[PDB]
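What follows is the structure, given as structure tokens:
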């Protein structure tokens, strides 16, 4: 499962800042059609050894490829205070303000329904990337896979 919550790793992070993050969220259907993530929540949190272990198993996983017997574990309640959040607009665009200097996981979940042989298929899943912030203007994040 997950390692012990690393207090030192969270204590060493800068918790105040001026950085701006811009990006776009989308995934591709099995048919090749692009699906934009509209009015979808996007999370931005410190890139720790704790969340590296979590995102390895559940961060870039298709909903069709999920094990029904395997459920994601309950995370330490101390982690929530470090999570920043944004909702994408009508075009899948998201924005974050006052982002501190540091290294982060930027993560979202985008699923939708498709039809095939008269049966309903669940498409998409989770998508997670690394973003580094030094100065106030990092590059845009294309949150896709």
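In the entry's author numbering, the protein residues as written are 26 to 170.
Beta carbons are placed, not taken as given, at the ideal position from N, Cα and C, and that holds for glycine.
Check	Outcome
Coil, strand or helix - residue 147 by DSSP	strand
Segment contact, 8 Å Cβ cut-off, at least three pairs: the region 64-71 with the region 140-148	no
Strand pairing of residue 71, partner residues [DSSP]	129
Residues that residue 30 bridges to, as DSSP identifies them	The partner list for residue 30 (beta bridge, DSSP) is empty, contrary to what the question assumes.
Buried/exposed call for residue 99, threshold 16 Cβ in 10 Å	exposed
Given 8 Å, three or more beta-carbon pairs between the region 33-45 and the region 120-134	yes
Euclidean distance between Cα positions of residue 55 and residue 33	42 Å
Beta strand (DSSP E) runs wholly inside the region 34-70, at least 3 long, in chain order	44-53 and 59-61
For residue 166, the first and last residue of its enclosing beta strand (DSSP E)	166-168
Nearest-angstrom Cβ-Cβ length linking residue 22 and residue 121, presumed shorter than 8 Å	With the chain represented from 26 up to 170, any question about residue 22 goes unanswered, as that position is not in the structure.
Where residue 113 falls: helix, strand or coil (DSSP)	coil
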